[PDB]
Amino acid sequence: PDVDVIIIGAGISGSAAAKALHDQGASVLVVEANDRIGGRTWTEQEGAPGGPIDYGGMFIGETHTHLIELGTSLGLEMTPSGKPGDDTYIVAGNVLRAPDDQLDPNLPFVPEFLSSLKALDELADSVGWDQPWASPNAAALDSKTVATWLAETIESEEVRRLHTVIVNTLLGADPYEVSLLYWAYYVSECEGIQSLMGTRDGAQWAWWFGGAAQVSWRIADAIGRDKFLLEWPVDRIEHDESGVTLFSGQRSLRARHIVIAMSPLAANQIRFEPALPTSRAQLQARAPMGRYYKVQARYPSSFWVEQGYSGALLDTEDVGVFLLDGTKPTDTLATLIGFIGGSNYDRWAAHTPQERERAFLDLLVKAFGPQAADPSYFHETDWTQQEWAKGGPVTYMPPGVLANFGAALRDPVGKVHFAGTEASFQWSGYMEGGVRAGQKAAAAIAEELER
């Protein structure tokens, strides 16, 4: 036993678990697959534009309690995300301004849009976040797809669409490939879509003035930058009754307990001896990652805020993207950012890189003026082909798995413990989740150490 606990994966989740066990006084060792310490939390302060840049997650939610504390104690300083102005909606190619986040009640689609939204939150509430697979009608629910449900519950094609877009960007998938039960679950465990869809508050409420990968770096620096072995891809795990043996090719390590902090899909790439119980086996073998693009355009001035727009945008057909401002007071030049996922990623990944960029800039132009036509910096980062993330923004599920293996999302197997945002009780999918998941995992192993 080289160390007490070896944490596989250096995401905010693995890092949170590391700092947790370390502060508790246990010997810790974090093993990373590639050469950078963040996870789906990727930062570059050397960033070609005027300010550090995040290629991964970066928004902090107002109820993101654990993340705020962790990073704040680490010395990081937050900053407001939201921007003053009208949010924009492009429904069926038409540009609609929403003052006070509110859309003209007279528009024909708004009413059913407001109703279907509530209807969703209700469904989400009927199945919690604790025992979704056990809720009053899980089985039934995990049989339909968010697609067929929208079909069975919404008349308007636009309401149907802007619902679809929401799913696609919020998850990395399209409603036609996502369990209805799994979505109600997600909406529920992230405190409703109103919270999930906020642009000023809710989940999108603030940033780490400095970059999001910092929580993991600062933890690394504190706990001991040498306790992180980068480029140590784990490919096999002998997990028996006295401890666990990790293998990175011919290389190997051993600890009493290990916490595997990553997405279920990413973990399925690792061989287990003995085999994992069919329950978890199925879960990490049938829980895919979304498909996603993170696009960013940088300009000299925030011509959108300065023209009365928040920079927030929801487009159902031109491109199929959610748009948000990313201009922190510190940055030298303004930055607008969009997210293309699911079937939208699909359609666009089909074109050339430049074809995509213009499609994006064209959208920006028709939404905030001609000043968007010629940006100072433009970058896109495809995540569906990322070596280790292997996917979109979060994990998602097709009909038939959450209801029958969801439990495996959390339960340990011998000395192997599961961390990673997807293991959190709440906010599984967001950073908050990664932190909690990893702290929960640690708390568990710490108690296992005192016998």
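Throughout, we count residues from 1 along the sequence that is shown.
- Between the stretches 375-383 and 281-289, it is 375-383 that shows the larger average CA temperature factor.
- If you average the C-alpha B-factors over 400-408 and over 42-50, the higher value belongs to 42-50.
- The top Cα temperature factor in the record, among 429, 438, 25, 11, falls on 25.
- Of the candidates 295, 229, 265, 151, it is 229 whose Cα B-factor is highest according to the PDB record.
- Per the PDB record, residue ranking by Cα B-factor puts residue 415 in the middle third of the chain.
- Per-chain ranking of the deposited C-alpha B factor places residue 140 in the lowest third.
- Per the PDB record, residue ranking by Cα B-factor puts residue 358 in the middle third of the chain.
- In the PDB entry, residue 33 places in the highest third of its chain by CA B-factor.
- Ranked by C-alpha B-factor against the other modelled residues of its chain, residue 365 falls in the lowest third.
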